[PDB]
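Taking it in order: structure first as structure tokens, then the write-up.
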Amino acid sequence: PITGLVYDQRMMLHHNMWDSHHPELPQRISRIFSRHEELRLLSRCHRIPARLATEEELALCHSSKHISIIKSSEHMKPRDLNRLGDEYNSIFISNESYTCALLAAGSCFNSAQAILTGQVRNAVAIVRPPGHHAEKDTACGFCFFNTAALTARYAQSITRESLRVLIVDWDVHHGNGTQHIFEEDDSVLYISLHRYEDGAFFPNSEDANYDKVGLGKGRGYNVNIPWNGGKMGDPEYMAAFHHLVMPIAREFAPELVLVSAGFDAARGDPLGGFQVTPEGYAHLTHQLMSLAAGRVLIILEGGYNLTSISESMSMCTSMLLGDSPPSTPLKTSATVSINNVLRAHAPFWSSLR
Ligand SMILES: CC(C)N(Cc1ccc(C(=O)NO)cc1)S(=O)(=O)c1cc(F)c(F)c(F)c1F
Ligand SMILES: [K+]
Ligand SMILES: [K+]
Ligand SMILES: [Zn+2]
């Protein structure tokens, strides 16, 4: 009945040479770690060591070319780091970026290992850079390799290839890379909540809309819950979990739950525009703990208000440790969104009928 925690300050070395105020700050992870200490959560966890992902583990989800190109940045001069970064959508690169992305992924592998070997029940991974925009063949949106996707495949690689993994992605952005990597896969259920605004919200693709339900054997195993019409918060997220995430997840009956846990839907986030509270994130975590015999790994993705993400992710760890959850009409467009997803997925999930 133990909660694992992974954090390594080396992941702070990834930085933006040209704009030291870029919102994907090194101190994102140290602020979260400090708040865990400050709230006396750290001493209640089992510390799991960070490690580098291997290049063969990266090949679970990424092409050898993508791996080689990102690895080549390790010794690039600033001019070439700027040029390579600019070939992607919203990427900055320093000489330490590749190392840090390996550390983020390997830390989560070690956390998934600790859960699956029974050394801990659940775990939290305070990692950067994030992962969920990363595609098989390209970097995107502050992400180099798809940490959560890789962790799902790593978990399958040490148990069975068809181990049922649920990925709940509550970062305010669509995890396009995660969706694409698993789009034909019935072993990995991807559920994303994200601001959409009819394609105007980053990453600006109709791939994030509710009618993208998966392909082939994966049809039904991709659930997009897209928000339109401005600011959402706890009522909308609790409703989406009650009508959609939890009924589908229970029917899927995952053997492992990964949370792509960006905290940029948080109150105070400058990039998400939403108002999910730390208590709200606590309740979302508490709900997910009812799945997979409690085998839940929470993985930091985005989230840019340092105070918001520190309080929100700490509230999640508090829930993993077994603490009692803390203590409103939906916006009309949120009801429309939830009903659109319900109609899209009732063909595949009996719990929605
Ligand atoms: C496009 C916009 C949404 N951004 C990129 C982004 C990507 C991923 C996440 C995330 O959290 N994904 O899960 C959050 C933000 S930006 O930060 O505001 C931004 C930063 C810059 F440095 C720029 F030069 C620039 F033009 C710019 F738009
Ligand atoms: K998401
Ligand atoms: K899928
Ligand atoms: Zn995000």
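Along the sequence shown, residues carry numbers from 1. Basis for what follows: all heavy atoms, side chains included, without hydrogens, waters or symmetry-related copies. Both counts, for ligands and for their atoms, begin at 1 and track the order of listing.
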>> For the Zn ion (ligand 4), which protein N/O/S atoms fall under 2.8 Å? Skip waters.
In response: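 Atoms qualifying: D171 OD1, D171 OD2, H173 ND1, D264 OD2.
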> Closest heavy-atom contact between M232 and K331?
Replying inline: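 Shortest heavy-atom separation between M232 and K331 comes out as SD-CD, 4.0 Å.
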> Closest N/O/S atom of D171 to the K ion (ligand 2), by atom name?
Replying inline: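 The nearest such atom is O.
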> Does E311 come within less than 4.0 Å of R35, counting only side-chain N to carboxylate O?
Replying inline: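 Counted as a salt bridge, because a side-chain N and a carboxylate O are separated by less than 4.0 Å.
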>> Any carboxylate oxygen within less than 4.0 angstrom of a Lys/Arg side-chain nitrogen, looking at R83 and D80?
In response: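 The answer is yes: the pair qualifies as a salt bridge.
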> At the K ion (ligand 2), what's the angle from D169 O to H173 O, rounded to 10 degrees?
Replying inline: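 Seen from the K ion (ligand 2), O and O are separated by roughly 170°.
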May I ask you to decide if [Y]'s main-chain N or O and [X]'s side chain share a donor-acceptor pair within less than 3.5 Å?
| X | Y | value |
| --- | --- | --- |
| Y154 | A53 | no |
| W170 | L193 | no |
| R128 | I29 | no |

>> Suppose we only count N/O/S atoms under 3.4 Å; would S192 qualify as near the K ion (ligand 2)?
In response: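 It does; at least one qualifying atom falls short of 3.4 Å.
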>> Suppose we only count N/O/S atoms under 3.4 Å; would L193 qualify as near the K ion (ligand 2)?
In response: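 For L193, the answer is yes, given that an N, O or S atom comes within less than 3.4 Å of the K ion (ligand 2).
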>> Taking 3.4 Å as the distance threshold, tell me the number of protein N/O/S atoms next to the K ion (ligand 3).
In response: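 For the K ion (ligand 3), protein nitrogen, oxygen or sulfur atoms under 3.4 Å: 4.
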>> So, applying salt bridge (charged side-chain N to carboxylate O under 4.0 Å, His left out) with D185, which one of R219, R153, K217 is it?
In response: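 Exactly one candidate clears the test, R153.
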> By the rule that ILVMFWY residues connect when side-chain heavy atoms come within less than 4.5 angstrom, directly or transitively, which residues belong alongside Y196?
Replying inline: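 Hydrophobic cluster check, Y196: no partners found.
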> To which residues is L39 joined in a hydrophobic cluster, defined by side-chain heavy-atom contacts under 4.5 Å among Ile, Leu, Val, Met, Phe, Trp and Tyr, whether direct or through other members?
Replying inline: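 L39 clusters with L41, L321.
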> Once the angle between the rings of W227 and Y237 is folded into 0 to 90°, is it parallel (under 30°), tilted (30 to 60°) or perpendicular (over 60°)?
Replying inline: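 Aromatic pair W227/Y237 classed tilted.
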>> In terms of relative ring orientation, are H345 and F348 parallel, tilted or perpendicular, with 30° and 60° separating the classes?
In response: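 Because their plane-to-plane angle is over 60°, the rings of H345 and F348 count as perpendicular.
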